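Below, in structure tokens: the form deposited in one PDB entry, a single chain.
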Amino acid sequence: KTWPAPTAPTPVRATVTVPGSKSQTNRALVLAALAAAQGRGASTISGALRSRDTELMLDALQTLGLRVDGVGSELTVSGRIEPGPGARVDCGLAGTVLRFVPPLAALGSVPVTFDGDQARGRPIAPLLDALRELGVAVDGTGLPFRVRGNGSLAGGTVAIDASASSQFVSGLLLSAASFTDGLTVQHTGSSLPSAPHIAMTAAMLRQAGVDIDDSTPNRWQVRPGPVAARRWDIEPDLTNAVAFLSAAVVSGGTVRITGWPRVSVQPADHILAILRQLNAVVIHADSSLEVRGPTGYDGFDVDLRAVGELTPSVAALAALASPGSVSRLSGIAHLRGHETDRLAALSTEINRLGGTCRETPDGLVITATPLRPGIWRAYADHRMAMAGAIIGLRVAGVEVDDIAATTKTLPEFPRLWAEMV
């Protein structure tokens, strides 16, 4: 039933390896597969996330004939795409396999069936139409569909709403180096404000030496060529990393996160700015980031438009500021429209534990005040669960209602969190 959040009555002192980003893990797996398939060599992936979804990707690559080896977050990909008879790739809840793997199957010379199990889910017929437009011999308007590999994918130019289909656009860009004519993707909107997943993809392609030109607004062009075999050092995912750094901040202790990049495409700078304003010590060394928390801090006003995903951890920091302190978190009105309304959730849960959190047109106003034991609801949301864990470091008797909200995303979280404390 409930998960007792461990308390840190003395400062935490810990070195933690935070698992890698799911997005980067799946991107690296595809780029490693393509390099191997092209005969460019075996690649290694260090820091890979191991979860149900990344296991499904690993299985899909092995179905295509690639050799996958490793242990935990350390993987090697090698061999060739040679699927053989009756090859079938399970996709299921990993909408990622469906979007990233069909182009790779098209490089083989046999049929590969993609299957999974609703009426109320997102239709994939348009995805299949786009694959056909680029030269994939695929028949279906849904699952199951069969890519009939004939050793090449022509490529060309496709128009798509890259905001609505950003994962599919990433999938096409990942494999585009192998298309005969390359790929041009034209976004059909006149503006595209935030496309972090497409930008991550483009940055990773450049790390693999692929010629990608994204200099024109709303357009991405990849030229055909080899994908380099690399040592892919996957960056800790920023959201999860911040939960661990927040434990240093609230406990007044030290957390050192290993395998941190010299420069990151994730918005690490923005959160480090906030931590610096709470007077935490922040040291960016060799291949690690260390944060040491202060004995306490007062309230802060921060606009989180650029790092909306960090709202629950930041709200936890605000609730643990010196009593009486007022914090205003703004730039997050838009978050109300996401599947999970974390503003309503955060206000309810802080208030359930004896706190003071007010919803506002642009965000949350939190008054730090002493809290009491209770059941912190996660609402089946991993970020909400980590926020309760942060609160629990300082408040004895906080229990997160169901930690499965986090373990489905980050299986290692409860054990790594307990080892840290």
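Don't overthink the numbering: it's just position in the shown sequence, from 1.
Missing here is the form deposited in another entry; even so, the following discussion is about that form.
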Going by which superposition fits each C-alpha better, are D298 and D233 assigned to one rigid part between this form and the one not shown? no
How does the C-alpha distance between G142 and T340 change in that other deposited form compared with the present structure, closer or farther, given a change of 3 angstroms or more? closer
Work out the direction of the Cα-Cα change for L75 and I257 in that other deposited form: closer or farther than in this form? It's 3 angstroms or more. farther
